[PDB]
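As structure tokens, one chain now follows by itself in the form deposited in one PDB entry.
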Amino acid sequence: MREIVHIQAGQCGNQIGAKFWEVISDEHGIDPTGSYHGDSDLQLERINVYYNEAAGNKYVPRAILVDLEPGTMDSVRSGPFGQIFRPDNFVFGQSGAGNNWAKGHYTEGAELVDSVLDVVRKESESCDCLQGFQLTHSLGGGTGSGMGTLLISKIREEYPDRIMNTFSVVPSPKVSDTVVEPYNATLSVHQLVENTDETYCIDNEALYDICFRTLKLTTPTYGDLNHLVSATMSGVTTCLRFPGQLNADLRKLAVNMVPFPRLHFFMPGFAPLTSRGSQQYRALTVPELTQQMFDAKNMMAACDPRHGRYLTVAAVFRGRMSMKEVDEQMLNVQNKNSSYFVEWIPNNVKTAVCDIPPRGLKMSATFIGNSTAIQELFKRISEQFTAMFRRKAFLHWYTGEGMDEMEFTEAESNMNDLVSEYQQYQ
């Protein structure tokens, strides 16, 4: 029960997912081939939150892989754990997208939105009472932003109540790699804000930090950034899939963490994170976890939270705890930083505990923060926009597909308001 469906869209979304479904698949003991070789009868008990049965004892996941360039959908299929998506699920147009948001929300996607909106319904009715759609997608490219946001505003009209996730990788100036981010992003966010109820902002600057400093790698290929955002995703939903001593689901977090209707731009994080040359020089019990977890250098979202205040905070633990450790650590790190947690909300830290670790470890914790610090993430974007748009630079490639000029101002105002209304709580 409590089933979740999964939508990927963009080169990001797909290369994140092909790792996601490798961590998930090895939690539940699933081979590549769909067969099963678990060891504990606990794994195969909620197998049907991210999976479907198929004859002969094969298990096939609930993916909807989407993108507008038919190369990605082949790269996925040859990787390890590729035999597994059942092939009708992919949906690929064949004309690329071209880092132009317009061509994903009006023209070259509007004629692909249905061959996916017509696989969600095929995959929304083999389930008893489902719970939400995940949507993992880079907010910078052309498919991801425009095509994905369109997909989302179509999904939120045939299902106006189920819950809605997004794992959106965000632009960052110090590792920027395209020249029209500040149109892609500020156009995408004017429509994530009205049509989702939780959004985990990963971004690549910080995700690089976390592998230079902490995990102390010579060379971070992308295969070791996606392998952290995968673990945050695997975390935020670990009570739906295992027995726990204080259960929390997407609905739990999405009611305890959102203190008004709009402010739902969380930032994730994960702990432990040890360069496994350094691992024998640190034995973690609960407090080591909860102190690494609130470090300025384990916010996968690029901002320093000290210039802001955590409005609300969540902590989804996994492993055998002793729950007063959890409770008193949280009271500790709530009374040590009395100036970093907002006052007029008491007991800011929601907790939860699962019971199986991620395999190979013994204790892990997935932090989900909601800080007013994001005041700065959407702020720098606006600069890199309010100069570019102020000279209609790069503008024609957008008017050429139908958008108006006005629509840009709409987005701009509607992402300046938001910053204003984190700023009150500062």
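In this text, rigid core is short for the largest set of C-alphas that superpose within 1.5 Å between two forms. From 1 onward, residues are counted along the sequence shown.
Only in words, not in the display: the form deposited in another entry, which the text now covers.
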Exercise for review: Compare C-alpha positions between this form and the one not shown after fitting on the rigid core and state which of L150, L192, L273, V91 moves by at least 2 angstroms.
Suggested key: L273
Check your understanding: Taking the rigid core as reference, does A393 move its C-alpha 2 Å or further between this form and the one not shown?
Key -> no
Point to revise | After fitting the core, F242 CA displacement of 2 Å or more between this form and the one not shown | key: yes
Check your understanding: Just checking, between this form and the one not shown and with the core aligned, does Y183 shift 2 Å or more at the CA?
Key -> no
**Study point:** Sense of the change in Cα distance from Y310 to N247 in the other form - at least 3 Å versus the shown form
**Key:** closer
